[PDB]
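To be precise, the following lines are start.cif, and they hold mmCIF, C-alpha atoms and all ligand atoms; chains and numbers go by the auth columns.
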```
data_entry
#
loop_
_atom_site.group_PDB
_atom_site.id
_atom_site.type_symbol
_atom_site.label_atom_id
_atom_site.label_comp_id
_atom_site.label_asym_id
_atom_site.label_seq_id
_atom_site.Cartn_x
_atom_site.Cartn_y
_atom_site.Cartn_z
_atom_site.B_iso_or_equiv
_atom_site.auth_seq_id
_atom_site.auth_asym_id
ATOM 1 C CA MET A 1 1.651 1.344 -11.425 0.00 1 E
ATOM 2 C CA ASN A 2 -0.276 -1.528 -9.911 0.00 2 E
ATOM 3 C CA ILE A 3 -2.670 -2.260 -7.108 0.00 3 E
ATOM 4 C CA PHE A 4 -0.064 -2.364 -4.422 0.00 4 E
ATOM 5 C CA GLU A 5 1.470 0.918 -5.357 0.00 5 E
ATOM 6 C CA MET A 6 -1.919 2.395 -5.758 0.00 6 E
ATOM 7 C CA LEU A 7 -3.096 1.391 -2.330 0.00 7 E
ATOM 8 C CA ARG A 8 0.211 2.289 -0.701 0.00 8 E
ATOM 9 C CA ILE A 9 -0.446 5.794 -2.029 0.00 9 E
ATOM 10 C CA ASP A 10 -4.026 5.873 -0.719 0.00 10 E
ATOM 11 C CA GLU A 11 -3.464 4.376 2.714 0.00 11 E
ATOM 12 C CA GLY A 12 0.137 5.420 3.537 0.00 12 E
ATOM 13 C CA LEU A 13 2.360 3.390 5.905 0.00 13 E
ATOM 14 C CA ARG A 14 2.413 3.729 9.703 0.00 14 E
ATOM 15 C CA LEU A 15 4.326 1.532 11.971 0.00 15 E
ATOM 16 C CA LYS A 16 2.625 2.466 15.122 0.00 16 E
ATOM 17 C CA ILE A 17 -1.127 1.983 15.992 0.00 17 E
ATOM 18 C CA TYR A 18 -3.095 4.932 14.660 0.00 18 E
ATOM 19 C CA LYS A 19 -6.683 6.017 14.172 0.00 19 E
ATOM 20 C CA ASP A 20 -8.088 5.933 10.770 0.00 20 E
ATOM 21 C CA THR A 21 -10.323 8.651 9.178 0.00 21 E
ATOM 22 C CA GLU A 22 -13.298 7.026 11.092 0.00 22 E
ATOM 23 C CA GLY A 23 -11.410 6.974 14.384 0.00 23 E
ATOM 24 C CA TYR A 24 -10.668 3.262 14.257 0.00 24 E
ATOM 25 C CA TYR A 25 -7.524 1.619 15.337 0.00 25 E
ATOM 26 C CA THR A 26 -5.359 0.710 12.437 0.00 26 E
ATOM 27 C CA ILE A 27 -1.726 -0.080 11.677 0.00 27 E
ATOM 28 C CA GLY A 28 0.562 -0.534 8.616 0.00 28 E
ATOM 29 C CA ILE A 29 -0.932 0.030 5.234 0.00 29 E
ATOM 30 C CA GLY A 30 -4.499 0.547 6.142 0.00 30 E
ATOM 31 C CA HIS A 31 -4.868 -2.660 8.158 0.00 31 E
ATOM 32 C CA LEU A 32 -7.930 -2.150 10.433 0.00 32 E
ATOM 33 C CA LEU A 33 -7.389 -3.720 13.756 0.00 33 E
ATOM 34 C CA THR A 34 -10.670 -3.139 15.455 0.00 34 E
ATOM 35 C CA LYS A 35 -13.683 -0.930 15.628 0.00 35 E
ATOM 36 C CA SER A 36 -13.587 -1.088 19.370 0.00 36 E
ATOM 37 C CA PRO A 37 -12.694 2.024 21.221 0.00 37 E
ATOM 38 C CA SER A 38 -10.225 0.251 23.381 0.00 38 E
ATOM 39 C CA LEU A 39 -6.545 0.484 22.653 0.00 39 E
ATOM 40 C CA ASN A 40 -5.955 -2.697 24.474 0.00 40 E
ATOM 41 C CA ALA A 41 -8.290 -4.482 22.421 0.00 41 E
ATOM 42 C CA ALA A 42 -6.368 -3.010 19.459 0.00 42 E
ATOM 43 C CA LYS A 43 -3.102 -4.182 20.842 0.00 43 E
ATOM 44 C CA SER A 44 -4.470 -7.554 21.444 0.00 44 E
ATOM 45 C CA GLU A 45 -5.693 -7.899 17.905 0.00 45 E
ATOM 46 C CA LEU A 46 -2.369 -6.662 16.680 0.00 46 E
ATOM 47 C CA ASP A 47 -0.363 -9.241 18.549 0.00 47 E
ATOM 48 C CA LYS A 48 -2.607 -11.996 17.383 0.00 48 E
ATOM 49 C CA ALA A 49 -2.249 -10.787 13.734 0.00 49 E
ATOM 50 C CA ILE A 50 1.541 -10.590 13.902 0.00 50 E
ATOM 51 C CA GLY A 51 2.127 -13.439 16.140 0.00 51 E
ATOM 52 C CA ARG A 52 4.363 -11.782 18.749 0.00 52 E
ATOM 53 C CA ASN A 53 4.055 -9.358 21.650 0.00 53 E
ATOM 54 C CA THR A 54 4.340 -6.170 19.773 0.00 54 E
ATOM 55 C CA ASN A 55 3.467 -3.446 22.190 0.00 55 E
ATOM 56 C CA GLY A 56 1.684 -1.498 19.279 0.00 56 E
ATOM 57 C CA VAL A 57 4.664 -1.196 17.066 0.00 57 E
ATOM 58 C CA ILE A 58 5.575 -3.383 14.022 0.00 58 E
ATOM 59 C CA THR A 59 8.309 -3.344 11.528 0.00 59 E
ATOM 60 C CA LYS A 60 8.097 -2.540 7.801 0.00 60 E
ATOM 61 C CA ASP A 61 8.291 -6.131 6.785 0.00 61 E
ATOM 62 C CA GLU A 62 5.411 -6.991 9.180 0.00 62 E
ATOM 63 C CA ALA A 63 3.380 -4.178 7.685 0.00 63 E
ATOM 64 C CA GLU A 64 3.977 -5.423 4.173 0.00 64 E
ATOM 65 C CA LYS A 65 3.098 -8.902 5.193 0.00 65 E
ATOM 66 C CA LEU A 66 -0.321 -7.784 6.491 0.00 66 E
ATOM 67 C CA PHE A 67 -0.650 -5.748 3.305 0.00 67 E
ATOM 68 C CA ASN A 68 -0.056 -8.770 1.026 0.00 68 E
ATOM 69 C CA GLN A 69 -2.632 -10.761 2.980 0.00 69 E
ATOM 70 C CA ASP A 70 -5.179 -8.003 2.839 0.00 70 E
ATOM 71 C CA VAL A 71 -4.872 -7.467 -0.914 0.00 71 E
ATOM 72 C CA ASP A 72 -5.023 -11.181 -1.528 0.00 72 E
ATOM 73 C CA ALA A 73 -8.141 -11.423 0.637 0.00 73 E
ATOM 74 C CA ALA A 74 -9.817 -8.562 -1.161 0.00 74 E
ATOM 75 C CA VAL A 75 -9.322 -10.148 -4.590 0.00 75 E
ATOM 76 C CA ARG A 76 -10.519 -13.444 -3.340 0.00 76 E
ATOM 77 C CA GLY A 77 -13.490 -11.793 -1.678 0.00 77 E
ATOM 78 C CA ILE A 78 -14.500 -10.184 -4.978 0.00 78 E
ATOM 79 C CA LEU A 79 -14.222 -13.477 -6.719 0.00 79 E
ATOM 80 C CA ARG A 80 -16.490 -15.141 -4.357 0.00 80 E
ATOM 81 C CA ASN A 81 -19.064 -12.473 -4.294 0.00 81 E
ATOM 82 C CA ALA A 82 -21.998 -13.073 -6.559 0.00 82 E
ATOM 83 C CA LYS A 83 -22.514 -9.429 -7.106 0.00 83 E
ATOM 84 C CA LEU A 84 -18.977 -8.432 -7.520 0.00 84 E
ATOM 85 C CA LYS A 85 -17.440 -11.140 -9.581 0.00 85 E
ATOM 86 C CA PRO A 86 -19.289 -10.406 -12.735 0.00 86 E
ATOM 87 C CA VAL A 87 -18.365 -6.795 -12.548 0.00 87 E
ATOM 88 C CA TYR A 88 -14.779 -7.566 -12.037 0.00 88 E
ATOM 89 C CA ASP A 89 -14.771 -10.091 -14.858 0.00 89 E
ATOM 90 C CA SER A 90 -16.153 -7.518 -17.177 0.00 90 E
ATOM 91 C CA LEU A 91 -13.475 -4.907 -16.557 0.00 91 E
ATOM 92 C CA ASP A 92 -10.039 -4.099 -17.957 0.00 92 E
ATOM 93 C CA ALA A 93 -6.895 -4.377 -15.788 0.00 93 E
ATOM 94 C CA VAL A 94 -6.828 -0.775 -14.644 0.00 94 E
ATOM 95 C CA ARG A 95 -10.399 -0.575 -13.603 0.00 95 E
ATOM 96 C CA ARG A 96 -10.152 -3.960 -11.809 0.00 96 E
ATOM 97 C CA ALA A 97 -7.536 -2.272 -9.635 0.00 97 E
ATOM 98 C CA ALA A 98 -10.066 0.525 -8.889 0.00 98 E
ATOM 99 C CA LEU A 99 -12.619 -2.036 -7.704 0.00 99 E
ATOM 100 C CA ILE A 100 -10.086 -3.843 -5.573 0.00 100 E
ATOM 101 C CA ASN A 101 -9.252 -0.475 -3.934 0.00 101 E
ATOM 102 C CA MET A 102 -12.792 0.163 -2.968 0.00 102 E
ATOM 103 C CA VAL A 103 -13.186 -3.321 -1.529 0.00 103 E
ATOM 104 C CA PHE A 104 -9.995 -2.986 0.443 0.00 104 E
ATOM 105 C CA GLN A 105 -11.328 0.205 1.955 0.00 105 E
ATOM 106 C CA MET A 106 -14.968 -0.558 2.599 0.00 106 E
ATOM 107 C CA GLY A 107 -15.391 -4.212 2.433 0.00 107 E
ATOM 108 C CA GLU A 108 -17.237 -6.246 0.018 0.00 108 E
ATOM 109 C CA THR A 109 -20.515 -5.731 1.538 0.00 109 E
ATOM 110 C CA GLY A 110 -20.098 -2.033 1.356 0.00 110 E
ATOM 111 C CA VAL A 111 -19.129 -2.105 -2.257 0.00 111 E
ATOM 112 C CA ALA A 112 -21.835 -4.573 -3.203 0.00 112 E
ATOM 113 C CA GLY A 113 -24.158 -1.767 -1.911 0.00 113 E
ATOM 114 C CA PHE A 114 -23.404 0.467 -4.874 0.00 114 E
ATOM 115 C CA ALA A 115 -25.796 -1.535 -6.958 0.00 115 E
ATOM 116 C CA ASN A 116 -26.550 1.034 -9.482 0.00 116 E
ATOM 117 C CA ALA A 117 -22.963 2.151 -10.169 0.00 117 E
ATOM 118 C CA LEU A 118 -21.978 -1.499 -10.439 0.00 118 E
ATOM 119 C CA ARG A 119 -24.522 -2.099 -13.230 0.00 119 E
ATOM 120 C CA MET A 120 -23.318 0.975 -14.942 0.00 120 E
ATOM 121 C CA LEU A 121 -19.732 -0.157 -14.758 0.00 121 E
ATOM 122 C CA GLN A 122 -20.705 -3.506 -16.151 0.00 122 E
ATOM 123 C CA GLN A 123 -22.399 -1.677 -19.001 0.00 123 E
ATOM 124 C CA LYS A 124 -19.250 0.434 -19.630 0.00 124 E
ATOM 125 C CA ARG A 125 -21.049 3.679 -19.040 0.00 125 E
ATOM 126 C CA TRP A 126 -18.042 5.414 -17.460 0.00 126 E
ATOM 127 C CA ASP A 127 -19.246 8.913 -17.044 0.00 127 E
ATOM 128 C CA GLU A 128 -22.544 7.869 -15.604 0.00 128 E
ATOM 129 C CA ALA A 129 -21.056 5.472 -13.110 0.00 129 E
ATOM 130 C CA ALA A 130 -18.666 8.198 -11.978 0.00 130 E
ATOM 131 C CA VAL A 131 -21.433 10.533 -11.245 0.00 131 E
ATOM 132 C CA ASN A 132 -23.346 7.935 -9.382 0.00 132 E
ATOM 133 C CA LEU A 133 -20.315 6.909 -7.356 0.00 133 E
ATOM 134 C CA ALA A 134 -19.853 10.482 -6.180 0.00 134 E
ATOM 135 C CA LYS A 135 -23.220 10.577 -4.531 0.00 135 E
ATOM 136 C CA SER A 136 -22.211 8.582 -1.478 0.00 136 E
ATOM 137 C CA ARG A 137 -21.042 9.040 2.021 0.00 137 E
ATOM 138 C CA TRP A 138 -17.778 7.549 0.817 0.00 138 E
ATOM 139 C CA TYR A 139 -17.139 10.416 -1.530 0.00 139 E
ATOM 140 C CA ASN A 140 -18.270 13.034 1.033 0.00 140 E
ATOM 141 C CA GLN A 141 -16.037 11.641 3.781 0.00 141 E
ATOM 142 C CA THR A 142 -12.823 10.937 1.784 0.00 142 E
ATOM 143 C CA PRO A 143 -13.282 13.034 -1.218 0.00 143 E
ATOM 144 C CA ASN A 144 -9.671 13.157 -2.474 0.00 144 E
ATOM 145 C CA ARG A 145 -9.191 9.434 -2.362 0.00 145 E
ATOM 146 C CA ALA A 146 -12.640 8.867 -3.742 0.00 146 E
ATOM 147 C CA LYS A 147 -11.895 11.284 -6.602 0.00 147 E
ATOM 148 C CA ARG A 148 -8.775 9.324 -7.489 0.00 148 E
ATOM 149 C CA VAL A 149 -10.657 6.023 -7.591 0.00 149 E
ATOM 150 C CA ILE A 150 -13.517 7.509 -9.555 0.00 150 E
ATOM 151 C CA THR A 151 -11.167 9.041 -12.230 0.00 151 E
ATOM 152 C CA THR A 152 -9.554 5.682 -12.581 0.00 152 E
ATOM 153 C CA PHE A 153 -12.979 4.152 -13.351 0.00 153 E
ATOM 154 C CA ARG A 154 -13.863 7.000 -15.612 0.00 154 E
ATOM 155 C CA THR A 155 -10.696 6.938 -17.622 0.00 155 E
ATOM 156 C CA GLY A 156 -9.250 3.511 -17.389 0.00 156 E
ATOM 157 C CA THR A 157 -5.789 5.085 -16.849 0.00 157 E
ATOM 158 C CA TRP A 158 -3.552 5.714 -13.814 0.00 158 E
ATOM 159 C CA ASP A 159 -3.395 9.403 -14.364 0.00 159 E
ATOM 160 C CA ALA A 160 -4.962 10.268 -11.029 0.00 160 E
ATOM 161 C CA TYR A 161 -2.078 8.629 -9.383 0.00 161 E
ATOM 162 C CA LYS A 162 0.765 10.053 -11.437 0.00 162 E
HETATM 163 CL CL CL B . -5.118 -10.778 10.164 0.00 201 E
HETATM 164 CL CL CL B . -9.528 11.769 1.159 0.00 202 E
#
```

Could you express the structure from this file as C-alpha cells?
Amino acid sequence: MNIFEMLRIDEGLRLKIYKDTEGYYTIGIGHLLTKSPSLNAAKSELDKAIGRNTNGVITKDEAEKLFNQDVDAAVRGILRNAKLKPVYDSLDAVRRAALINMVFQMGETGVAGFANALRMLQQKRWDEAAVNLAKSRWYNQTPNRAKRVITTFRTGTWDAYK
C-alpha cells in the first residue's frame, strides 16, 4: 500500500463534476475545483486545470494527472511548512503517508491547526495523539475516513486500509 492507493481509497474516482462532503464542486480523485456555488465557475476552473473545453467531464488519465499533481503539491507543501516539516521528518514511512492524507484533504493550514496533536506525534505518543485528533470537526464530519487515518497514526501499519 502507498499514499496513492491510500488516497484513492479515501477519495474515490469520479469523472464527472460532483459535490464533495461539504457541498463543493470537485472532480477526479478528490480534486476541489471551487468553493463557489456556481457550476459554471466550476466548469471554468475545470477547463483551465485540464487545458481543454471539457464540459464537466474528464477522462481517467486526466483524473490521474490532477491526482499526481495534487499529491506532489501536498508533499511539497508539508516540506515548506515550518510547522509541518519537523513533524514529517520525525515520522516513519507509514505515518508520513497519514500526514500527507490529512494535508491533501484539509490543506496545510488546516493541519497546522492541530498544534497539540502535532506535538504529540512528534513525541511519539501515539495513543494520546489519536485521542486528541478525534476531538475535531474533521472527525465528527467524516468519521470513517478520519478513523482510518487516526488508526494509521496510532499503529504505524496499513491495517485500516486492508
Ligand atoms: Cl490545478
Ligand atoms: Cl467518512

Could I get the residue neighbourhood of ligand CL 201 (chain E) at 12 Å, counting only C-alpha atoms and all ligand atoms, as JSON, numbers by chain? {"E": [26, 27, 28, 31, 32, 33, 34, 44, 45, 46, 47, 48, 49, 50, 51, 62, 63, 65, 66, 67, 68, 69, 70, 71, 72, 73]}

Go through E:105, E:36, E:116, E:81 and flag the residue nearest ligand CL 202 (chain E), using only C-alpha atoms and all ligand atoms for the distances.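 The closest residue to ligand CL 202 (chain E) is E:105.
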
Enumerate, as a compact mmCIF listing (two decimals) with C-alpha atoms, in the frame of the given file, the residues matched when the PyMOL selection byres (((not hetatm)) within 10 of (chain E and resi 202)) is run on the file above.
```
# COMPACT_ATOMS: atom_id res chain seq x y z
CA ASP E 10 -4.03 5.87 -0.72
CA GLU E 11 -3.46 4.38 2.71
CA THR E 21 -10.32 8.65 9.18
CA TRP E 138 -17.78 7.55 0.82
CA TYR E 139 -17.14 10.42 -1.53
CA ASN E 140 -18.27 13.03 1.03
CA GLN E 141 -16.04 11.64 3.78
CA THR E 142 -12.82 10.94 1.78
CA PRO E 143 -13.28 13.03 -1.22
CA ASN E 144 -9.67 13.16 -2.47
CA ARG E 145 -9.19 9.43 -2.36
CA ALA E 146 -12.64 8.87 -3.74
CA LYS E 147 -11.90 11.28 -6.60
CA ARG E 148 -8.78 9.32 -7.49
```

Step by step: start from the point (-19.6, -7.4, 0.3) in the file's coordinates, keep every protein, DNA or RNA residue that has an atom no farther than 10 Å from it, count only C-alpha atoms, and write the set as a list in words.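 Within 10 Å of (-19.6, -7.4, 0.3), the protein and nucleic acid residues are residues 74, 77, 78, 80, 81, 82, 83, 84, 103, 106, 107, 108, 109, 110, 111, 112 and 113 of chain E.
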
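Remark: for residue 1 in chain E, the closest of the candidate residues E:53, E:93, E:153, E:18 is E:93 (distances computed over only C-alpha atoms).
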
Taking only C-alpha atoms into account, name the residue in E:131, E:99, E:39, E:13 that is nearest to residue 75 in chain E.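 Once distances to residue 75 in chain E are computed over only C-alpha atoms, the minimum belongs to E:99.
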
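Relative to CA of residue 114 in chain E, CA of residue 102 in chain E is found at 10.8 Å.
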
Quick one: of E:14, E:98, E:52, E:137, who's nearest to residue 161 in chain E, counting all atoms listed in the file?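 Of E:14, E:98, E:52, E:137, the one nearest residue 161 in chain E, counting all atoms listed in the file, is E:98.
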
Go ahead and find all residues with at least one atom no further than 9 Å from (-3.3, -0.3, -8.2) in the file's coordinates, using all atoms listed in the file; report them as a tab-separated table (two decimals) with C-alpha atoms, in the frame of the given file.
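Output contents, as saved in part-v5.tsv:
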```tsv
chain	number	residue	atom	x	y	z
E	1	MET	CA	1.65	1.34	-11.42
E	2	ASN	CA	-0.28	-1.53	-9.91
E	3	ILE	CA	-2.67	-2.26	-7.11
E	4	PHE	CA	-0.06	-2.36	-4.42
E	5	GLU	CA	1.47	0.92	-5.36
E	6	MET	CA	-1.92	2.40	-5.76
E	7	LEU	CA	-3.10	1.39	-2.33
E	8	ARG	CA	0.21	2.29	-0.70
E	94	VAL	CA	-6.83	-0.78	-14.64
E	95	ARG	CA	-10.40	-0.57	-13.60
E	96	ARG	CA	-10.15	-3.96	-11.81
E	97	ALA	CA	-7.54	-2.27	-9.64
E	98	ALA	CA	-10.07	0.52	-8.89
E	100	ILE	CA	-10.09	-3.84	-5.57
E	101	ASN	CA	-9.25	-0.48	-3.93
E	158	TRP	CA	-3.55	5.71	-13.81
```

Could you check how far CA of residue 90 in chain E sits from CA of residue 117 in chain E, in Å to one decimal?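 Interatomic distance here is 13.7 Å.
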
What does the structure give for the distance between CA of residue 121 in chain E and CA of residue 87 in chain E, in Å to one decimal?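 One can read the CA of residue 121 in chain E to CA of residue 87 in chain E distance as 7.1 Å.
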
Closest to residue 130 in chain E among E:149, E:115, E:17, E:91, using all atoms listed in the file? E:149

Of the listed residues E:135, E:16, E:154, E:35, that which approaches residue 57 in chain E most closely, counting only C-alpha atoms: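 Of E:135, E:16, E:154, E:35, the one nearest residue 57 in chain E, counting only C-alpha atoms, is E:16.
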